[PDB]
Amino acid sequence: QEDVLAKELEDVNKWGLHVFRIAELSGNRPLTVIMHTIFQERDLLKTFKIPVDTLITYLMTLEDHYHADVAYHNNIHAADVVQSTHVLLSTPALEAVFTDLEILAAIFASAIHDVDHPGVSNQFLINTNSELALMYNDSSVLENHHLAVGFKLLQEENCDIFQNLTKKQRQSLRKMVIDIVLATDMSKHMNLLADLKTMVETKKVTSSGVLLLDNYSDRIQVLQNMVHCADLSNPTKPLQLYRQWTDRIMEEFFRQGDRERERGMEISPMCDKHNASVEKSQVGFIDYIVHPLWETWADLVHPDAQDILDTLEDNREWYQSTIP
């Protein structure tokens, strides 16, 4: 097995890594081994004096606090967002733009960004007067909680992978991570896309032709949108991966609707197993959310993302062709 796993980890720099095979081959530890691989690949253990055993201990505890009984928002999803972010960090239009602290902030943010997700939406948790929504006053309920858990687990035994950062490093990292995770709230998609379009309209390059980011506001905005794109990258992946991500999100929404049934609440969109239209939902999802976002990202990093935009469009075509 470990030879086969090691073989698959050779694709970690590739869009469309078989994240599901890696989950099998690593014994349901995709998040731990893809993070480990990426930290070695970016030489982050030595840059930040992260002890290897501390890194593994933390990664396994983090992976544990993703719910294995949740169909979509589990550790496989987290592994895939970490790995997609890692590919997007390497894009040529971003070369040498981001410090190693920002690279670590982004990768860390991706890893924790959905931890302890209960498999239901913010709105469901607001609507059922959950403790989470009560704790967080109905605003970015899950995303605040993923942050709260991601950081808290650093305090478990031999889990503080940031123990050797400077105090100023930790401070900057923490703020960047919060700023990134809070931006994965889907209720902020339109605004984040709006601001990203504005950045593309006013884009500035360097003498190297690489993107020019003067200040925290612009730099965190690019990392926010990057991890957001990675979060919304399932329909840009090879169709065999895309389809399995759809099967998983559909099952999670369907389970939520059932909970909405046993409560007399109305069923949210796309959550009713007796009134589903999965293909048309994917096409609408691509047309109104996913393709607008990625087209904008593609203009930002043009032409670095063309093959990704290609696959999205092919996949969009294909989901259309299966519509009755």
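By rigid core we mean the largest C-alpha set that fits within 1.5 Å across both forms. Position 1 is the first residue in the sequence shown; the rest follow in order.
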Rigid core superposition result in 8 other deposited structures of this protein, more deviant of 261-269, 61-69 by Cα = 261-269
key: More shifted region, core-based fit in 8 other deposited structures of this protein, 200-208 vs 154-162 by CA   = 200-208
message = Using only C-alpha atoms and the B-factors in the entry, which stretch averages higher, 293-301 or 264-272?
response = 264-272
148-156 versus 91-99 - which carries the larger mean C-alpha B factor in the record = 91-99
Out of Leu213, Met226, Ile126, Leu232, highest CA B-factor residue = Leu213
ask   = Can you tell me which of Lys167, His189, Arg243, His73 has the highest Cα temperature factor in the record?
value = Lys167
remark   = For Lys204, the third of its chain by CA B-factor is the highest
request  = Classify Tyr136 as lowest, middle or highest third according to the C-alpha B-factor given in the PDB entry, relative to its own chain.
outcome  = lowest
task = Please rank the C-alpha B-factors of the chain's modelled residues and tell me whether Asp218 sits in the lowest, middle or highest third.
result = highest
inquiry  = Among the modelled residues of this chain, does the Cα B factor of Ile56 put it in the lowest, middle or highest third?
reply    = middle
inquiry  = Using the temperature factors of the C-alpha atoms in this entry, rank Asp64 within its chain: lowest, middle or highest third.
reply    = middle
